[PDB]
């Protein structure tokens, strides 16, 4: 999968010039044609500001006006129509009309937009062009792209190239070169934020206190997320800290996450006041960081959903999941911790013994010294702590028990144990933020 992403300002105001890139030359007002010629991307994404729109009879007429103008410009230049146009909510008071709202809305909106576009399976070659973009939307677009590609890199190889052209001086210019200003092997960065307080999902930009309170108190998301908050943070921590059993047991419901994001996005959309005569858009609600954390969480869940299996979890499964989610000292520590439980199950098998619903402490042979569940022991032992995990060996007829024990050995958290682990991982995730 090759992806081309370009950040555009007022594309209509650009002058004709010549562009050098990768042994090709191009006449025209935009880099997109030559970019598409040289790179030959599988898909193109154009990101520009609302503030180019000149129709205020509705919000849907404003997006469609900007879209048509972009499609018309794609015909003017050699550009293909295989593209997604993200119309970002931009700020400023212009001659053709006024746009008020939180500046940060552009980031959350583009993050949301790209989280529905960037494929969640297979490798990713991403190309980002900033040659004639607005400074702040290009920063926020750049930021939103890197935040999702960081999560994508957990499961797949991701390569990021950025471009910018030589600056344009009028009539002095002859052939502007398109420079490569970044070539990056994107580092795997799983989500490492907790879900924030319920003030930080939607905030009031230009709205009376009581009307915001009503909208806020109308949201099913905030209500449902109050009692789900701990389980989701436990799941975020499972990737961050190397807890493969918690990853499987706490795997979130993608349907509910979709539902939470859809609702917050619809509410934000519904609160955009478009006054038709005086030519003015007011975004009466602002997106908060909690919206962003939800978009990243859903995306990470989509990226890792191929690993989830049904409830009996074998040692062999925990190995294969771990080898995909984890790297460096984290992966090697998880393999050593699982191995210790494996070597014990091999021993049990050679004696023709196959325990059922046995605490891991009783399985491994533990003193009656320490039954209290500590952060130290939960985080240092890949979450496979002896007082919270239950083991089951499914009886078989051994011949080569060293290779058969992992398939027949299953680990699960006790109802009480799971709740103790959720508290520790949730607290650890907030303490590291």
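Numbering follows the first chain given and starts at 1.
Would you tell me which stretch averages the higher CA B-factor in the PDB entry, 199-207 or 291-299?
Result of the comparison: 199-207.
Quick one: higher average CA temperature factor, 34-42 or 384-392?
The entry gives the higher C-alpha B-factor average to 34-42.
Hey, out of 105, 249, 82, 343, whose CA B-factor is highest in the deposited coordinates?
That would be 82, according to the entry.
Selection from 369, 378, 364, 47 [criterion: highest C-alpha temperature factor in the record]
369 has the highest C-alpha B-factor of those listed.
If you rank the chain by CA B-factor, which third does residue 339 end up in: lowest, middle or highest?
According to the entry, residue 339 has a C-alpha B-factor in the chain's lowest third.
Tell me, lowest, middle or highest third: where does the Cα B factor of residue 59 rank within its chain?
Highest third.
Relative to the other modelled residues of the same chain, rank the CA B-factor of residue 127 and answer lowest, middle or highest third.
Its C-alpha B-factor belongs to the middle third of this chain's values.
Split into thirds by Cα B-factor across the chain's modelled residues, where does residue 149 land: lowest, middle or highest?
Its C-alpha B-factor, which the entry lists for residue 149, ranks in the lowest third among residues of this chain.
C-alpha B factor of residue 330, ranked within the chain: lowest, middle or highest third?
Lowest third of the chain for residue 330's C-alpha B-factor.
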